[PDB]
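Protein chains in written order, with UniProt numbering: chain X, 293 to 327, 367 to 747; chain D, 293 to 327, 367 to 536.
Okay, here's the thing in C-alpha cells:
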C-alpha cells in the first residue's frame, strides 16, 4: 500500500560569471630624416571593446539529492534560470551532467566530494549560456539568481528470465502521473532529513473499487517504519503523536478535515478517514517539554510539582505562580520565524511574557476557554547573533503546569 | 460514447528582446622630440557598429496547459510568431522545451513554479532566432507580438502482456482526424476553468 517512488531535487551552491570583453595594447615608433630636418616620435594605443549578445557567459554549481524509497538509474533533471520575475534559459542536462546512481537518502556526488558544474545549453557541449547586457547590469547591481527543479527522467531496474536486470527503455515518467492520481502525499521533516511518501486511498464513490482503507494515524504508522509503543508512535526514539508535532494542511484538505471531524464522536485527528488528494506536512519540534521525561532544555522550569504528570489527559495541578526560561540566542537558528505552542488547563488569570527583540514583543492574556485541553500557538522572528536572551515567562493563577509545550522551527522562513 | 482526447494550449507570459550591437572605445598617446621642437598629444576614439540580419535575438516565456480527459506523454507543440499581419518563424520545440507529463486540468510546470523559456530554431539548440531591423523598428514603435498553437505531438500509454506500460511509437497524431470526423464538439466554460469534450453522433444517412 506504499508505492516505490523516488523524489529528486537540485541544490544550488555557487555561480560564476564571466565577461566576454576584448582588450588590446599597441606601441609604435616613427623616425624620419629629410633634407636639414629630423623627426622622432613614439605612439601608444590602448583599446577595449565588447559586442552585446554573448556578452557574459556563466556556469553554475549544483548537486543532486534523493528522498523516497527507490533508486534512480541514469538520472537527468531539467532546470530553469530565473533572475527577476522572469526566466533566462531552460537547460536539460547533456551527457556530461548526467548521473548514474542515486541511492535513497544520499547525494550525487557523495558527501566527501565537491559539487557538479553546468554551463552549456546545446545538445552537445558547446556554446556556453549567454547573458544580455542589461541583465548584467541588474546582476552587478546586486540582484542574485535562484534555481528550481522542474522535471526529471530516469530508469528503474527489473529482472528478466536469465537472472540479470535491465535498465533500458524503462522510463520513470510514464508512472508519475498515475500515482499522483490515486495517492495521498505525506511529508515528514525531522531536524536532519526529510521524507516524502505516497499512500493509496479509497475512492468511496464508485462501488466496484475494492481498496482496503485506513485512517491517517494508521497510514502514518504503516508508511514509515514506526513502532507502536504503549499505544503511541515512536520513530527512531522520537515520539510522534497528534499532540507533540506541528501539522500543516493546505486549505482544501483542512476544510475536508474540518467538516468531517464535526460528525465524528471523538476529537483525535489521527482517526479521521483518508481521502484521495491530500497534502500533509508533519514538522517535528526541536525542544519538547514533557515534565515527566525528555525535556532537552539547558535552563530549568520553575514551580513544578508531580501529581500525575503524563503529558495531556492527566494533569491535575492548579495553583498560583510563574514559570520562566531564559536561553540566549547562541543555541538556536538565527533569522527564522520560530513558533511557540502549547496546551491549556483551567487557571483564571495567566499571561505569556516574550521579551525577545526583533520579534513579536506582545504579551497576551491566555483567555482560558475551559478545563478541556486545547492548544495555543504564537510566532516570532529571530535576530542575528546577540547575547540578548530568549525569555519566556508564564504568570498563572491556578495552574503551575500543563504538561505539553514546545518551540519549533517553521522553516522556509528567512529574513533577508 | 465519450472519447479520451487531450487538448493542449500554449500561454504567453513575457518577451525579451536583445540587440546585437557592437561598441568600442580607444585611447592613444603621442610624444615626439625633433631637432628644437617637441609635440605631445592625446587621441580618443568612440565607435559603434551593427550588421543587419541577425541584428536582434529574442526569447519568449511560455507555459502549457491541458484540458480534456487524458494525459499526454512526451508533449511537444509547435508555435508561430506573428508580428503584424504576417509571420516571423515557426518553431518546433527541441529537446530542451519538451514536456514529460501533463495531467488533465493542470500545467507544465506546476502552479508553484516560474514559466518556461524558448529561444532557438535549430534542431540542436544553437543559433537563437533573429529579427530584421525594420521589424525592430515596428516593434520599438510599440506594436507587440502575440502567439498561437498550431499542432502538438505526444504519446499515450498502453500495457503489454507483462503488466508494464509502454510509451514508444504510439503517437497521438494518427487518432486526431478520425475523431474529428465522427464527433460533435462541446465546450463548457465556468468562471474558473474550461472543458472540451467530443461525443460521437449517429449518421442517419
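A virtual CB, placed ideally from N, CA and C, is assigned to each residue, including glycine.
If you draw a straight line from the Cα of residue 431/X to the Cα of residue 447/X, it is about 13 Å long.
Taking every protein chain shown into account, the CB of residue 499/X has fewer than 16 other CB atoms within 10 angstroms, so this residue is exposed. By the Cβ criterion, the segment 515-533 of chain X is not in contact with the segment 310-320 of chain X, since fewer than three pairs of Cβ atoms, one from each stretch, lie closer than 8 Å. Uninterrupted beta strand (DSSP E) stretches at least 3 residues long and entirely within the segment 440-499 of chain D occur at 447-449 and 482-486, given in chain order. Residue 368/X and residue 380/X have their C-alpha atoms roughly 39 Å apart. DSSP places residue 584/X in the uninterrupted alpha helix (DSSP H) bounded by 582-592. In the structure shown, the three-state DSSP call for residue 734/X is coil. Taking 4 residues as the minimum length, the alpha helix (DSSP H) runs contained wholly in the segment 528-572 of chain X are 547-554, in order along the chain. 599/X is the residue among 599/X, 387/X, 474/X and 485/X whose C-alpha sits nearest the C-alpha of residue 705/X. Judged by DSSP secondary structure, residue 512/X falls within the alpha helix (DSSP H) whose first and last residues are 507-513.
Just so you know, the alpha carbons of residue 394/X and residue 307/X end up roughly 13 Å apart.
According to the DSSP assignment, residue 367/D belongs to no beta strand (DSSP E), since it is labelled neither H nor E.
Against residue 319/D, the close residues of chain X are 376, 377 and 378, in the order they occur along the chain (beta-carbon pairs closer than 8 Å). In terms of beta-carbon proximity, residue 482/X lines the interface with chain D, with at least one pair separated by less than 8 Å. Between the beta-carbon of residue 412/X and that of residue 299/X there is about 22 Å, and that puts the pair past the 8 Å contact cut. Distance between residue 315/D and residue 383/X, taken at the CA atoms: about 8 Å. In the three-state DSSP reduction, residue 662/X falls in the helix class (H, G or I). The C-alpha of residue 573/X is placed about 10 Å away from the C-alpha of residue 563/X. Where residue 671/X is concerned, the enclosing beta strand (DSSP E) starts and stops at 668-673.
Residue 422/X sits in a strand when the DSSP states are folded into three classes. If you draw a straight line from the Cα of residue 415/X to the Cα of residue 473/D, it comes to about 23 Å. Neighbours of residue 479/X across chain D, judged by C-beta separation under 9 Å: 440, 444 and 445. Of the residues 687/X, 645/X, 746/X and 661/X, the one whose Cα lies closest to the Cα of residue 732/X is 645/X. Taking residue 518/D as the centre and dropping the five residues before and after it, the same chain places the C-beta of 527 closer than 6 Å to its C-beta, in chain order.
When the Cα atoms are used, residue 303/X and residue 453/X turn out to be separated by approximately 22 Å. Close to chain D, meaning a Cβ-Cβ distance shorter than 9 Å, are the following residues of the segment 412-426 of chain X: 412, 413, 416, 417, 418, 419, 420, 421, 422 and 423.
Residues are counted here when their Cβ sits less than 8 Å from a Cβ of chain D; for the segment 442-474 of chain X these are 452, 453, 454, 455, 457, 458 and 463, given in chain order.
In the DSSP assignment, residue 304/D forms a beta bridge with 393/D. For residue 655/X, not one C-beta of chain D is nearer than 8 Å to its own C-beta. DSSP places residue 601/X in the helix class (H, G or I) of the three-state scheme. For residue 404/D, the nearest beta carbon of chain X is closer than 8 Å to its own beta carbon. With three or more CB-CB distances shorter than 8 Å, the segment 682-690 of chain X counts as touching the segment 720-740 of chain X.
Contacts between residue 691/X and chain D, judged by CB atoms closer than 7 Å, are missing: the closest CB pair is about 28 Å apart. A residue is called buried when at least 16 other Cβ atoms come within 10 angstroms of its Cβ; residue 642/X meets this threshold and is buried. At a cut-off of 8 Å, the C-beta of residue 553/X has no neighbouring C-beta in chain D. According to the DSSP secondary-structure assignment, residue 318/D is paired through a beta bridge with 378/X and 376/D.
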